[PDB]
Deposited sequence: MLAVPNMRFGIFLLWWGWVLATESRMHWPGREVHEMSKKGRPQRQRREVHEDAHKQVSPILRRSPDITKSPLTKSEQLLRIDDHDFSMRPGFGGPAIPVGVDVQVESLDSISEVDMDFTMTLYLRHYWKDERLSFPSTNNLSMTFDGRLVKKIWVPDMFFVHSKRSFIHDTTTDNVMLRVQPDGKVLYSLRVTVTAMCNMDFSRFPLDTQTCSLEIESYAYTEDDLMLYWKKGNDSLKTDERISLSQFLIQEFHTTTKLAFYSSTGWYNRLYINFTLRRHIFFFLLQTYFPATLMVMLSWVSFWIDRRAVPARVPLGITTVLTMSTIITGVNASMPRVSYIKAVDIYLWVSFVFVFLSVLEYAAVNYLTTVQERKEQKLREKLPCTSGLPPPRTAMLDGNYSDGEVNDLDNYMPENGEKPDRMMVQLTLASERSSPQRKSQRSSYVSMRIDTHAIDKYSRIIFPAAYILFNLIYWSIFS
């Protein structure tokens, strides 16, 4: 039917003349996974192209598009859009190459693909786990410049669609929108680009329950030593060192759960402040015991004031620190 053998398809339509417009339509299917260590995300989507080529015109009276088996792609001219800043990608081939080709009698062509793309996304972990991340996906032509191929969205803001089943266990996805920008390369010239933007928000309940509660509980447990009688040395001494050991074990367990190795985080600040409080509580009893021993030795030849002042100083200081910490990071 088509006069494929009568023309050479190694050259774009309108070779040597003005640029050929190409439209893009995208439908996002699902998001597979997000890796924070490698800073990338995986997305599966449908890609569509629109253009006109008079060399594919065939005589017909129905004036309706006809579907071909997709094996003609290797013989006709096809746009070569590629994903920028991508690490790995492939096209599904079960049970065959997922390629759709529709040609109208007047020469309008529709081309579709189903691809999986992995792209990088820089993340900021300063406000972890309260941080908010933004990522984007870029589409650009490889060989043809702006003077030979024009790339634009088919229907503007209506060219992007999202499946209702898109969801993530640890993140909340919202605010899908599209924008365009012009890029420049030193050795080749100017190219057009297409962007797909979205915003990710992290759930806070799990991190709070797993991290902040044990530290506060351990601090309150360490606060108990201020009320036991100072004469019970074999009871006062082991409590502080056991609290230190338990805090060390908690810190060791928390670190192995989530690897970041980037910079300081608010969770580390909280944990180290709690550790410093525990250390000061441990030193306080040693100071009290030394003073009591010196006083008894001097007397030889009532509750101590240090404990009474500590019982007021420590809780107020911890409350002030909590208020400052939850006001700085909101």
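In this chain the deposited sequence has gaps in the coordinates at 1-77, 379-450, listed in sequence order.
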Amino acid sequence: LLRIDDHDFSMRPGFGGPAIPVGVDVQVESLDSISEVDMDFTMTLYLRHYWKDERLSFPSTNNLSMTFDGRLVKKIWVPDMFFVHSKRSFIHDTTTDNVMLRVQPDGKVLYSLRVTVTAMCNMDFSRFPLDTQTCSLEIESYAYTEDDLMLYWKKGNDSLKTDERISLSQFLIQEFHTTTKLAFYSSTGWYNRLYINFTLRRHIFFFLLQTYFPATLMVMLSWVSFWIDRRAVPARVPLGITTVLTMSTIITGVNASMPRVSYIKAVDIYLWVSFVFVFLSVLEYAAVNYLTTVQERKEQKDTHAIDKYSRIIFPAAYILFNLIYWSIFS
From here on, numbers count along this sequence of modelled residues.
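Basically, rigid core = biggest C-alpha set you can superpose within 1.5 Å across the two forms.
Superposing on the core and measuring CA offsets in 9 other deposited structures of this protein, the stretch of 250-258 and 185-193 with the greater mean deviation is 250-258. Structural divergence in 9 other deposited structures of this protein between 259-267 and 286-294: following superposition by the core, 259-267 has C-alpha atoms lying farther from the shown form.
Omission of residue 301 is seen in a third or more of the other entries compared for this protein where the adjacent residues are built.
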